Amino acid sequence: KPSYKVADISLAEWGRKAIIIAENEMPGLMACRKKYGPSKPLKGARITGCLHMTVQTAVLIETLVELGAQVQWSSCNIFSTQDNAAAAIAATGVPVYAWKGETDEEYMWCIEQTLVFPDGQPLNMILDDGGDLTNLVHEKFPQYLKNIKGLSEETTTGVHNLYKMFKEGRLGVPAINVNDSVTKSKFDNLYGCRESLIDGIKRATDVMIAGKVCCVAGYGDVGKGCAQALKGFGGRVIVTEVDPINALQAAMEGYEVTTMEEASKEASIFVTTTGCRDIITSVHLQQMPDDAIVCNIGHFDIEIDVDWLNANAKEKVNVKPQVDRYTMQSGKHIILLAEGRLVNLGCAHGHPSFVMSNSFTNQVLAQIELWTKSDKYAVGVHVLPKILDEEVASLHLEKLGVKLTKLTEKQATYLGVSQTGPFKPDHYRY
């Protein structure tokens, strides 16, 4: 029924204006529009999408439509949506069903609306962050896997699901994984969360990082950026890790590596980045000092046990939205952010638009590659080619005023690499 649901459509004015600022911050999406605009390759493809309903997503949705595609959209998180960007998109008649403060019930209903298209035909393509949509079409009625071509996935959690969905019958549709692109994982994960995380803590807490002991759980791409942020603001950062390689990395970069049992006692600020269950537990929380802040920057709220805390705290006081302060039976206080969910999105606006142009430009491509080259893409995981990975990166250099050297003909022969690309072997880790 509802053409759209977006909280307050009066915010559309504000949103169009953050959109136009984002377009200036998202030159890769803009270069897609000039390069692929004339040819409109996504024509007659109706794509349901489940991603944070941010202004940067509006630029992606709108780049998709300018590339000739019908688009439905719904947020991958309850607090991920920015309500200004919601109304602005829906004021253009692109059906969007999403708002901040969703209920788990409201969250999954919106996805049901996106599977439908206003014309009526089921769908042809799918773009997802996490697996909720991907899983729903599978686990909740698969009648429309055949008509559609393929799917696109962003998060490293949801990519893990798709790799393991291909251990058996799952993946009735061919899939590209846009996370394992370097222009995504080595930028969004690391460079983005470097900006987004501290932003979210400040807005919720306005706490001083300088001189505070900080614990980062996980020293992967997200963990490396989160620790760099706090180290750069005068924080001393202890790092927890289960992988030997990442541990040596943190240690060779000046970070003490030890267990949460040790770190829960010393540190005052806690950020979970592992993508694994039960990073902060009961024993840990009771050991933390008074008014310690505990947040999670990984997909899914299973890294901290909010359930135990909600249950074993004496009092739960809501300071402001997504900021809850618990008074433990001990008398120490625990401040929780975003109920342990995606803090950058819950207590701020996520990664800036520029790094999202690298992410969503890969996604534009992934979507073109599946529909125009369905012959090339058997059902399974796929990963985009490298000259395409390099092309996303090359599209942001002009904005950054980067003057890139071109290899001499004699030079390229020496390196076995074409002058135009690709420049690195497949195994290259960057």
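Start at 1 and count along the sequence shown; that's the residue number.
- In this entry, 145-153 shows the higher mean Cα temperature factor of the pair 145-153 and 282-290.
- The question of which stretch, 3-11 or 420-428, has the higher mean Cα B factor is settled in favour of 3-11.
- Remark: of 129, 262, 206, 305, 129 shows the highest value [criterion: C-alpha B-factor in the PDB entry].
- Residue-level inspection of the entry shows that, of 274, 357, 92, 310, 92 has the top Cα B-factor.
- Among all modelled residues in this chain, the alpha-carbon of residue 197 has a temperature factor (C-alpha) in the lowest third.
- Annotation for residue 255: C-alpha temperature factor in the lowest third relative to the rest of the modelled chain, per the entry.
- Among the modelled residues of the chain, residue 96 sits in the highest third by CA temperature factor in this PDB entry.
- Ranked by C-alpha B-factor against the other modelled residues of its chain, residue 214 falls in the lowest third.
- Ranked against the other modelled residues of its chain, the C-alpha B-factor of residue 119 as given in the entry falls in the highest third.
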